[PDB]
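Everything below belongs to target_34.cif, which stores mmCIF, C-alpha atoms.
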```
data_start
#
loop_
_atom_site.label_atom_id
_atom_site.label_comp_id
_atom_site.auth_asym_id
_atom_site.auth_seq_id
_atom_site.Cartn_x
_atom_site.Cartn_y
_atom_site.Cartn_z
CA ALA V 55 -23.95 4.67 16.58
CA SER V 56 -23.68 1.18 18.11
CA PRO V 57 -21.98 -2.23 17.72
CA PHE V 58 -24.95 -3.11 15.51
CA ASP V 59 -24.21 -0.36 13.00
CA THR V 60 -24.47 -1.38 9.35
CA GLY V 61 -21.70 -1.14 6.78
CA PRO V 62 -23.19 2.09 5.35
CA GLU V 63 -23.41 3.65 8.82
CA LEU V 64 -19.77 2.79 9.46
CA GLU V 65 -18.89 4.31 6.07
CA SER V 66 -20.61 7.52 7.09
CA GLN V 67 -18.76 7.65 10.39
CA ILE V 68 -15.36 7.05 8.79
CA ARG V 69 -16.06 9.54 5.98
CA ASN V 70 -16.92 12.23 8.51
CA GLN V 71 -14.17 11.47 11.00
CA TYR V 72 -11.30 10.79 8.59
CA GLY V 73 -12.26 12.70 5.45
CA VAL V 74 -11.77 9.84 2.99
CA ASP V 75 -14.22 8.05 0.74
CA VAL V 76 -14.78 4.56 2.13
CA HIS V 77 -16.19 1.12 1.38
CA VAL V 78 -16.80 -1.13 4.38
CA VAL V 79 -16.95 -4.81 3.45
CA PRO V 80 -19.33 -6.89 5.55
CA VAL V 81 -17.51 -10.05 6.62
CA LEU V 82 -18.47 -12.91 8.91
CA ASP V 83 -16.95 -12.11 12.32
CA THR V 84 -15.54 -15.63 12.36
CA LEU V 85 -13.77 -15.90 8.99
CA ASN V 86 -9.98 -16.25 8.95
CA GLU V 87 -7.37 -13.68 7.87
CA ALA V 88 -6.84 -14.99 4.35
CA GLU V 89 -10.56 -15.40 3.64
CA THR V 90 -11.35 -11.98 5.09
CA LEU V 91 -8.66 -10.40 2.93
CA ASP V 92 -9.97 -12.21 -0.12
CA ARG V 93 -13.32 -10.51 0.39
CA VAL V 94 -11.84 -7.09 1.10
CA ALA V 95 -9.69 -7.53 -2.01
CA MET V 96 -12.74 -8.29 -4.15
CA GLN V 97 -14.41 -5.05 -3.11
CA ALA V 98 -11.18 -3.13 -3.62
CA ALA V 99 -10.90 -4.48 -7.17
CA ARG V 100 -14.44 -3.36 -7.87
CA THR V 101 -13.59 0.11 -6.56
CA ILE V 102 -10.28 0.37 -8.44
CA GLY V 103 -11.69 -0.49 -11.88
CA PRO V 104 -13.55 2.77 -12.64
CA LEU V 105 -10.44 4.73 -11.57
CA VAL V 106 -8.17 3.07 -14.12
CA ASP V 107 -8.20 5.02 -17.40
CA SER V 108 -6.29 5.22 -20.65
CA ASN V 109 -3.22 7.45 -20.93
CA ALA V 110 -2.61 6.97 -17.22
CA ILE V 111 0.23 5.94 -14.93
CA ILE V 112 -0.91 3.57 -12.20
CA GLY V 113 1.38 3.17 -9.20
CA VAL V 114 1.17 -0.13 -7.30
CA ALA V 115 2.92 -0.79 -4.01
CA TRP V 116 3.08 -4.57 -4.00
CA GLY V 117 2.53 -6.73 -0.91
CA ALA V 118 0.28 -9.49 0.42
CA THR V 119 -2.77 -7.23 0.29
CA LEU V 120 -2.08 -6.05 -3.24
CA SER V 121 -1.49 -9.63 -4.35
CA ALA V 122 -5.02 -10.51 -3.26
CA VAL V 123 -6.35 -7.39 -4.98
CA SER V 124 -4.55 -8.29 -8.20
CA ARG V 125 -6.29 -11.67 -8.29
CA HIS V 126 -9.73 -10.02 -8.35
CA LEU V 127 -9.26 -7.39 -11.05
CA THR V 128 -11.96 -7.23 -13.74
CA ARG V 129 -10.65 -7.08 -17.29
CA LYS V 130 -11.03 -3.56 -18.67
CA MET V 131 -8.95 -2.64 -21.68
CA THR V 132 -7.27 0.75 -21.80
CA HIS V 133 -4.64 2.15 -24.12
CA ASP V 134 -1.40 4.03 -23.54
CA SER V 135 -1.39 3.37 -19.81
CA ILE V 136 1.42 2.11 -17.63
CA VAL V 137 1.50 0.26 -14.33
CA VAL V 138 4.59 1.14 -12.32
CA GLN V 139 5.99 -0.74 -9.32
CA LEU V 140 6.43 1.62 -6.33
CA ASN V 141 8.68 -0.52 -4.11
CA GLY V 142 11.52 -2.96 -4.79
CA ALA V 143 11.48 -6.75 -4.42
CA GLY V 144 13.82 -9.47 -3.25
CA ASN V 145 14.73 -9.76 0.42
CA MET V 146 17.30 -11.42 2.66
CA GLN V 147 15.32 -14.67 2.46
CA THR V 148 15.44 -14.62 -1.38
CA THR V 149 11.70 -14.03 -1.43
CA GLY V 150 9.65 -11.56 -3.39
CA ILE V 151 10.78 -11.18 -6.97
CA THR V 152 8.44 -13.74 -8.55
CA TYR V 153 5.57 -12.74 -6.26
CA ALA V 154 5.93 -9.01 -7.01
CA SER V 155 6.27 -9.73 -10.73
CA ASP V 156 3.06 -11.78 -10.72
CA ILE V 157 1.19 -8.88 -9.12
CA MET V 158 2.44 -6.44 -11.74
CA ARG V 159 1.59 -8.89 -14.57
CA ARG V 160 -2.00 -9.30 -13.30
CA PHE V 161 -2.44 -5.52 -13.32
CA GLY V 162 -0.90 -5.21 -16.77
CA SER V 163 -3.07 -8.00 -18.15
CA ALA V 164 -6.31 -6.71 -16.64
CA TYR V 165 -5.91 -3.28 -18.22
CA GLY V 166 -3.78 -3.89 -21.32
CA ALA V 167 -1.24 -1.62 -19.65
CA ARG V 168 2.52 -1.75 -20.08
CA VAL V 169 4.35 -2.96 -16.99
CA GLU V 170 7.31 -1.02 -15.59
CA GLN V 171 9.27 -2.72 -12.83
CA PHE V 172 11.75 -1.38 -10.32
CA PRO V 173 15.18 -3.08 -10.46
CA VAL V 174 15.97 -2.67 -6.75
CA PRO V 175 15.75 -5.03 -3.74
CA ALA V 176 12.85 -5.00 -1.25
CA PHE V 177 14.69 -2.70 1.17
CA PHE V 178 18.32 -1.71 1.80
CA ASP V 179 20.56 -2.96 4.61
CA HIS V 180 22.54 0.28 4.49
CA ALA V 181 21.49 3.84 3.73
CA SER V 182 24.69 4.27 1.72
CA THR V 183 23.43 1.59 -0.69
CA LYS V 184 20.22 3.54 -1.28
CA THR V 185 22.22 6.70 -1.93
CA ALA V 186 24.34 4.86 -4.49
CA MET V 187 21.38 3.20 -6.24
CA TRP V 188 19.45 6.47 -6.49
CA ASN V 189 22.30 7.73 -8.68
CA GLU V 190 21.78 4.96 -11.23
CA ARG V 191 19.97 5.89 -14.45
CA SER V 192 18.11 2.58 -14.44
CA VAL V 193 16.62 3.50 -11.08
CA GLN V 194 16.09 7.20 -11.82
CA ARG V 195 14.02 6.47 -14.93
CA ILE V 196 11.59 4.53 -12.74
CA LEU V 197 11.61 7.21 -10.02
CA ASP V 198 10.59 9.63 -12.78
CA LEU V 199 7.63 7.46 -13.80
CA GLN V 200 6.55 7.12 -10.18
CA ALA V 201 6.58 10.92 -9.87
CA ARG V 202 4.04 11.16 -12.69
CA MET V 203 1.55 8.63 -11.32
CA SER V 204 -2.17 9.40 -11.68
CA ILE V 205 -3.30 6.93 -9.02
CA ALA V 206 -1.58 4.96 -6.24
CA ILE V 207 -2.82 1.66 -4.83
CA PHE V 208 -1.48 0.26 -1.58
CA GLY V 209 -2.00 -1.68 1.61
CA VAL V 210 -0.71 -0.70 5.05
CA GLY V 211 1.94 -2.33 7.23
CA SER V 212 1.35 -2.24 10.97
CA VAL V 213 3.62 -2.45 14.01
CA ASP V 214 1.78 -4.03 16.94
CA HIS V 220 8.85 -8.92 16.87
CA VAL V 221 8.81 -9.50 13.12
CA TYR V 222 7.63 -7.20 10.33
CA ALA V 223 5.70 -7.67 7.09
CA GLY V 224 7.88 -8.24 4.04
CA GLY V 225 10.69 -9.95 5.92
CA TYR V 226 13.20 -7.24 5.05
CA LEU V 227 14.00 -6.04 8.59
CA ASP V 228 16.21 -7.81 11.12
CA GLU V 229 15.68 -7.77 14.89
CA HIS V 230 17.74 -4.64 15.58
CA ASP V 231 15.82 -2.69 12.94
CA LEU V 232 12.70 -3.68 14.87
CA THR V 233 14.00 -1.98 18.00
CA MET V 234 14.49 1.22 15.98
CA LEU V 235 10.86 1.40 14.97
CA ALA V 236 9.72 1.45 18.61
CA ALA V 237 12.45 4.04 19.30
CA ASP V 238 10.77 6.43 16.86
CA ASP V 239 7.12 5.64 17.76
CA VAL V 240 6.66 4.06 14.32
CA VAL V 241 3.23 2.44 13.87
CA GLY V 242 3.26 1.29 10.25
CA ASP V 243 4.22 1.87 6.64
CA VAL V 244 2.99 2.45 3.16
CA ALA V 245 5.23 1.11 0.39
CA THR V 246 7.93 0.48 3.03
CA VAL V 247 8.01 4.16 4.05
CA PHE V 248 7.26 4.35 7.77
CA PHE V 249 5.22 6.83 9.81
CA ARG V 250 4.31 7.61 13.45
CA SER V 251 0.85 7.66 15.06
CA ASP V 252 0.48 11.34 14.16
CA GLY V 253 1.34 10.52 10.54
CA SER V 254 4.79 12.14 10.60
CA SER V 255 7.65 10.49 8.69
CA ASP V 256 10.54 12.94 9.09
CA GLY V 257 13.54 11.88 11.16
CA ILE V 258 12.87 8.16 10.89
CA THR V 259 16.19 6.38 10.48
CA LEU V 260 14.70 3.38 8.65
CA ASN V 261 13.26 5.61 5.92
CA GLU V 262 16.74 6.30 4.55
CA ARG V 263 16.80 2.62 3.57
CA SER V 264 13.37 2.52 1.95
CA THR V 265 12.72 2.07 -1.78
CA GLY V 266 9.23 3.62 -1.75
CA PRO V 267 7.89 7.11 -2.65
CA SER V 268 7.85 9.83 0.00
CA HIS V 269 4.59 10.56 1.75
CA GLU V 270 4.83 14.09 0.33
CA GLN V 271 4.85 12.63 -3.18
CA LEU V 272 1.89 10.36 -2.39
CA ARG V 273 -0.14 13.26 -1.09
CA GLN V 274 0.13 14.94 -4.51
CA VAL V 275 -1.22 11.93 -6.38
CA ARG V 276 -4.82 12.43 -7.50
CA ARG V 277 -6.40 9.25 -6.14
CA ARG V 278 -4.80 7.06 -3.47
CA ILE V 279 -6.58 3.76 -2.90
CA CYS V 280 -5.78 2.22 0.46
CA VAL V 281 -6.79 -1.38 1.14
CA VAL V 282 -6.77 -2.83 4.64
CA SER V 283 -7.82 -6.16 6.18
CA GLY V 284 -7.43 -7.36 9.77
CA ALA V 285 -8.62 -5.34 12.77
CA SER V 286 -5.47 -6.14 14.75
CA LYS V 287 -3.57 -3.90 12.30
CA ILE V 288 -5.56 -0.74 13.03
CA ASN V 289 -2.55 1.13 14.45
CA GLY V 290 -0.97 1.29 11.00
CA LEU V 291 -4.16 2.48 9.36
CA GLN V 292 -4.66 5.20 11.96
CA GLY V 293 -1.19 6.54 11.21
CA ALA V 294 -1.69 6.40 7.45
CA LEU V 295 -4.93 8.33 7.76
CA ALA V 296 -3.26 10.83 10.10
CA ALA V 297 -0.65 11.27 7.37
CA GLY V 298 -3.45 11.91 4.86
CA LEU V 299 -2.14 9.23 2.58
CA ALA V 300 -5.48 7.88 1.27
CA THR V 301 -8.35 9.39 -0.71
CA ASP V 302 -10.30 6.11 -0.96
CA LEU V 303 -10.31 3.38 1.68
CA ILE V 304 -11.53 -0.22 1.50
CA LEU V 305 -11.54 -2.24 4.72
CA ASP V 306 -13.35 -5.06 6.49
CA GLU V 307 -16.23 -4.54 8.92
CA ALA V 308 -14.23 -5.49 12.02
CA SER V 309 -11.42 -3.07 11.16
CA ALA V 310 -13.98 -0.32 10.52
CA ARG V 311 -15.57 -0.87 13.92
CA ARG V 312 -12.15 -0.58 15.53
CA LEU V 313 -11.47 2.54 13.50
CA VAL V 314 -14.54 4.34 14.86
CA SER V 315 -13.35 3.43 18.36
#
```

Could you take the file, read its structure, and then write that structure out as C-alpha cells?
Amino acid sequence: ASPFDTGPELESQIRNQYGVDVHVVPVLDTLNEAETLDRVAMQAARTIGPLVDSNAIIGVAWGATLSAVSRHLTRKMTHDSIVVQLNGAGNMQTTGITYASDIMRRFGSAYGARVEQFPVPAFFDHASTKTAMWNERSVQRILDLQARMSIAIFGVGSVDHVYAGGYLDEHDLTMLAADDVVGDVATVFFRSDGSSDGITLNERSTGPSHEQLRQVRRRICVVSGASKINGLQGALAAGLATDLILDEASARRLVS
C-alpha cells in the first residue's frame, strides 16, 4: 500500500476495511469539483444499470450528486417498476422542485419506470410540521412505497457554515456540531460512529430512517470530493451502503 496504489488496489483496501463493494474512479488530480463528479457519476450510472430490474421499486434520494448520476443513465427498458423519491423538495430559497423533478424524470425515462414523487418540502422548519404531515394520506402512501424499495441510490452530505441543500439556517448549523453530526443521507443525519438516535434535526427530516435503509437489498452510495470524507466515514460506520462509487482522491483519503 502506497500513494501510488492503483484504483483496483484501493478497491481491495476499501472492500476489506469497510465491507462494501466498491468502484474507484481514476480522475486527474487536478480536475475541478463538477468535472470530477461528472466522471464519478458516469461510473455510478454504469454500476446502477445492472441492478435495476422489472417489477422493482427504486428509491432515489435526490441531490447534486444524484442529478449528475441521472444525466449518465443508460437506457434499459423494464416493466412494472417504480422510481420513488426518498426526500422532499422545495426550500426556503424557493429552490429544488424543478431540479428534483428533472432527476426523477431522467430515472423514469431511462428505465420505462413510473415516477412517484413526494409532495413535501425539502426539510421542515418545525418538528410539529413533520408530525402533522406524516398523518396525511398523500404522504403516507409514499412512505409505504419507500418502505418496499428494492434498491436505494444516494449521495452523502458532509459537515466540515452552510449546508448542502440550503434548507438549514445558521442556528440549525450550531446544532449539528452540538451533536457531533458529520453528514447525512437523504437529509437524515448521523455522527462519526454512524449513530443517528437523539439528533434533534432528524425530527425535521423528510427522509427514510437509517434502520429502514439498512433493510434495503442494495444501497448504492455515490461520493465525489475528498474534502467531504467525514460524511462518507460516518455513512459507512452506519452501514448504510452495500455498493460504493467514489473518486480516486476520496478513496485515498478513505484508506487514511

- Message: Given the PyMOL selection byres ((chain V and resi 116) around 12) and the file above, list the residues it selects as number ranges by chain.
- Response: V: 113-115, 117-124, 137-144, 150-161, 171-172, 176, 206-211, 223-224, 244-246, 265-266, 281

With all atoms of stretch 59-77 of chain V from the file as input, state the centre and edge lengths in Å to one decimal of the axis-aligned box that has 4 Å extra on each side, as lines of an AutoDock Vina configuration file.
```
center_x = -17.9
center_y = 5.7
center_z = 6.9
size_x = 21.2
size_y = 22.1
size_z = 20.3
```

- Task: Let me know the residues the PyMOL selection byres ((chain V and resi 57-59) around 12) catches in the file above, as a list in words.
- Result: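 On this input, the PyMOL selection byres ((chain V and resi 57-59) around 12) captures residues 55, 56, 60, 61, 62, 63, 64, 65, 66, 67, 78, 80, 307, 308, 310, 311, 312, 314 and 315 of chain V.
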
Written file, previous selection with C-alpha atoms, as a compact mmCIF listing (two decimals), in the frame of the given file:
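What follows is the written file selection00.txt:
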```txt
# COMPACT_ATOMS: atom_id res chain seq x y z
CA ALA V 55 -23.95 4.67 16.58
CA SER V 56 -23.68 1.18 18.11
CA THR V 60 -24.47 -1.38 9.35
CA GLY V 61 -21.70 -1.14 6.78
CA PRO V 62 -23.19 2.09 5.35
CA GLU V 63 -23.41 3.65 8.82
CA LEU V 64 -19.77 2.79 9.46
CA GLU V 65 -18.89 4.31 6.07
CA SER V 66 -20.61 7.52 7.09
CA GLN V 67 -18.76 7.65 10.39
CA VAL V 78 -16.80 -1.13 4.38
CA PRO V 80 -19.33 -6.89 5.55
CA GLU V 307 -16.23 -4.54 8.92
CA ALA V 308 -14.23 -5.49 12.02
CA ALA V 310 -13.98 -0.32 10.52
CA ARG V 311 -15.57 -0.87 13.92
CA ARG V 312 -12.15 -0.58 15.53
CA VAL V 314 -14.54 4.34 14.86
CA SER V 315 -13.35 3.43 18.36
```

- Message: Need the shell around residue V:190: protein/DNA/RNA residues with any atom at most 12 Å away, counting only C-alpha atoms. Skip same-chain ones fewer than 5 positions apart. Format as a PyMOL selection string?
- Response: chain V and resi 172-174+183-185+195-197

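Taking atom CA of residue V:292 and atom CA of residue V:251 as endpoints, the distance between them is 6.8 Å.
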
- Message: Just the number, please: distance in Å from atom CA of residue V:129 to atom CA of residue V:86, one decimal.
- Response: 27.8 Å

Any chance you could resolve the PyMOL selection byres ((chain V and resi 109) around 9) against this file and give the residues as a PDB file with C-alpha atoms, in the coordinates of the input?
```pdb
ATOM      1  CA  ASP V 107      -8.200   5.020 -17.400  1.00  0.00           C
ATOM      2  CA  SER V 108      -6.290   5.220 -20.650  1.00  0.00           C
ATOM      3  CA  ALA V 110      -2.610   6.970 -17.220  1.00  0.00           C
ATOM      4  CA  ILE V 111       0.230   5.940 -14.930  1.00  0.00           C
ATOM      5  CA  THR V 132      -7.270   0.750 -21.800  1.00  0.00           C
ATOM      6  CA  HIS V 133      -4.640   2.150 -24.120  1.00  0.00           C
ATOM      7  CA  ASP V 134      -1.400   4.030 -23.540  1.00  0.00           C
ATOM      8  CA  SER V 135      -1.390   3.370 -19.810  1.00  0.00           C
ATOM      9  CA  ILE V 136       1.420   2.110 -17.630  1.00  0.00           C
TER      10      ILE V 136
END
```

- Query: Taking into account only C-alpha atoms, which residue in the set V:83, V:179, V:170, V:231 is nearest to residue V:199?
  - Reply: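 Selected residue with least distance to residue V:199: V:170.
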
- Distance of atom CA of residue V:264 from atom CA of residue V:233, expressed in Å to one decimal place: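 Atom-to-atom, atom CA of residue V:233 to atom CA of residue V:264, that is 16.7 Å.
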
- Message: Taking all atoms listed in the file into account, name the residue in V:313, V:106, V:235, V:296 that is nearest to residue V:284.
- Response: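 For residue V:284, the nearest of the candidates is V:313.
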
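You can rank V:198, V:243, V:238, V:306 by their closest distance to residue V:212 using all atoms listed in the file, and at the top of that list sits V:243.
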
Take the point (-11.4, -10.8, -12.5) in the file's coordinates, draw a sphere of radius 9 Å around it, and report as an mmCIF file with C-alpha atoms, in the coordinates of the input every protein, DNA or RNA residue with an atom inside or on it, counting all atoms listed in the file.
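Listed below is the output, result36.cif:
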```cif
data_model
loop_
_atom_site.group_PDB
_atom_site.id
_atom_site.type_symbol
_atom_site.label_atom_id
_atom_site.label_comp_id
_atom_site.auth_asym_id
_atom_site.auth_seq_id
_atom_site.Cartn_x
_atom_site.Cartn_y
_atom_site.Cartn_z
ATOM 1 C CA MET V 96 -12.740 -8.290 -4.150
ATOM 2 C CA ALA V 99 -10.900 -4.480 -7.170
ATOM 3 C CA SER V 124 -4.550 -8.290 -8.200
ATOM 4 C CA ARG V 125 -6.290 -11.670 -8.290
ATOM 5 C CA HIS V 126 -9.730 -10.020 -8.350
ATOM 6 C CA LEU V 127 -9.260 -7.390 -11.050
ATOM 7 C CA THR V 128 -11.960 -7.230 -13.740
ATOM 8 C CA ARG V 129 -10.650 -7.080 -17.290
ATOM 9 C CA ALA V 164 -6.310 -6.710 -16.640
#
```

- Message: Show me the residues close to (2.2, -0.1, 15.5) - anything with an atom within 12 Å, counting all atoms listed in the file - and format the list as a ChimeraX atom specification.
- Response: /V:210-214,220-223,232,235-243,248-253,286-294

- Residue contacts of residue V:276 (10 Å, only C-alpha atoms) excluding same-chain residues fewer than 3 positions away, as a ChimeraX atom specification: /V:203-206,272-273,279,300-301

- Item | Of the listed residues V:270, V:256, V:87, V:262, that which approaches residue V:181 most closely, counting only C-alpha atoms |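 Among the listed residues, V:262 lies closest to residue V:181.
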
- Message: Here is a test: counting all atoms listed in the file, which residue of V:269, V:145, V:275, V:254 is nearest to residue V:202?
- Response: V:275
